[PDB]
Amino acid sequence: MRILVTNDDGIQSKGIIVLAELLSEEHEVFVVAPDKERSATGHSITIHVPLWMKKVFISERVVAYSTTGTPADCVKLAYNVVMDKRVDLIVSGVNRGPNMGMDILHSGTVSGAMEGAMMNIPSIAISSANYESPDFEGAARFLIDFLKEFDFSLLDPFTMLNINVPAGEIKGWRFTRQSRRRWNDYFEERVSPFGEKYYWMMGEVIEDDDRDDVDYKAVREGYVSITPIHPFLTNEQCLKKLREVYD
């Protein structure tokens, strides 16, 4: 099948290269990713200025291009300009560091796969859960095995899979729900050479979920976390309550 690979750490990232190589063993792989590493860009897209692409190679069996856009921009370009609107699977990763809880909202890795989900194409976001010491190969190999055991018809429309792989040894895998893991921000103030102060964003993690089947608890125990997510943010319970009171 025709597979599209992208990421948010840049086309030269080892995380995207190993992933492309392994997948190219049995499928037609196309790589379209940012020319340079992106930060917490969330689901940003480029509409106010033009986008540019550059054909670069990584090896045979794989056609690759780097772009001046975001991960979502990359998926839009690959689908319309490079793959003739014929894409069977989209994989965004392997990211350096975890993408769990509310942090998924500002994740470029997740954004790439979510763009695929909005187009109704089977998509997967995969991250190695250790920023300091990532294991790109381990995450990529897990993915190859998982694909042979997963029934994609079970993935509902506009739905993608957010996967986080433990950096150490993998005990197994679990289907999880997104946690409420978030951060308690704060800033450190400093002064520039001009006497003007600037601020550095900092923070401490908050893990207070009471449910046992959330993403970070699985990873903490050495299990791969697999969460099905979609682009629908309506709080149904709240909506029902509002309608009952204001009927």
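Just count from 1 along the sequence shown to find any residue number.
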query	finding
Segment of higher mean CA temperature factor, 148-156 or 129-137	129-137
Higher-scoring stretch by recorded Cα B factor average, 204-212 or 55-63	55-63
Selection from 45, 32, 219, 40 [criterion: highest C-alpha temperature factor in the record]	40
Residue of maximum C-alpha B factor among 101, 168, 116, 98, per deposited coordinates	168
Cα B factor band for residue 88 (lowest, middle or highest third within the chain)	middle
Position of residue 227 among the chain's modelled residues by C-alpha B-factor, lowest, middle or highest third	lowest
Cα B factor band for residue 82 (lowest, middle or highest third within the chain)	highest
Residue 235 CA temperature factor, ranked by third within the chain	lowest
Residue 182, C-alpha B-factor rank within chain (lowest, middle or highest third)	middle
